[PDB]
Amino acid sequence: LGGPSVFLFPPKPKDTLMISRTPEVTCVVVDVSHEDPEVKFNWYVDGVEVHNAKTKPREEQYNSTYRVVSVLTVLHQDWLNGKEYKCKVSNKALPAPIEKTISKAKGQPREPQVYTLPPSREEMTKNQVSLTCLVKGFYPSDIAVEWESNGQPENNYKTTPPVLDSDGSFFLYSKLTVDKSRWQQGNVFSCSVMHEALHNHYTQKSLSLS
């Protein structure tokens, strides 16, 4: 375990779900000496090598080390079907350059079920109230889930990580908190959900009273 290290990270879910966004794979290289501050990357896709790549150096923070990153913008549907993005980092300090491959989690793409749950009476006795959005039944875990009382997004909400269950898929919960008053008045709130198995990789359900 000598020489520098390499870390290949996947694109962002949201970025891979909507074409207006730019999805890219990043290959980071840490521990690059000042003696040989030079690194050559090799990008391969499903075997076939690629050459889109882009890079720039940054040695800093608390090390006499250099940092290297190679951004490889990617075609949406590419990743979405699964593609080996093998990255081969080369530096003398490395006997034989290091290569690491990443890709969409494999399995059978399943579509999420989205249900919104009103705050149970018991809680209404409080100042603020909890609104639940249940997203169960997806594959992969890769997903996006947000709230909006109006076009404007909401701030007071949390989301559990995706949890895998019996069925073999993934589900999670998102809890949005709102001052009872609002909720009471009879406002409107919705949780949007972006998944690869949604009609347009997107859907939203809304919560209200009565």
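The numbering used is simple: start at 1 and walk along the sequence shown.
Asker: Which is higher in the entry, the mean Cα B factor of 89-97 or that of 114-122?
Answerer: The deposited B-factors put 89-97 ahead on the C-alpha mean.
Asker: Averaging only over Cα atoms, indicate whether 30-38 or 139-147 has the higher B-factor in the PDB entry.
Answerer: Comparing averages over the C-alpha atoms only gives 30-38.
Asker: Out of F170, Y173, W183, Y62, which residue has the highest Cα temperature factor in the PDB record?
Answerer: Spelled out: the listed residue with the top C-alpha B-factor is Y62.
Asker: State the tercile, meaning the lowest, middle or highest third, of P161 with respect to the CA B-factors recorded for its chain.
Answerer: CA B-factor rank for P161: lowest third.
Asker: Taking the C-alpha B-factors as the PDB entry records them, is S70 in the lowest, middle or highest third of its chain?
Answerer: Its C-alpha B-factor belongs to the middle third of this chain's values.
Asker: Grab the CA temperature factor for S208 from the record and place it in the lowest, middle or highest third of its chain.
Answerer: Middle third, going by the recorded CA B-factors of the chain.
Asker: How does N81 rank on Cα B-factor within its chain, lowest, middle or highest third?
Answerer: Its C-alpha B-factor belongs to the highest third of this chain's values.
Asker: Can you tell me which third, lowest, middle or highest, the CA B-factor of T16 falls into for its chain?
Answerer: It falls in the bottom third of the chain.
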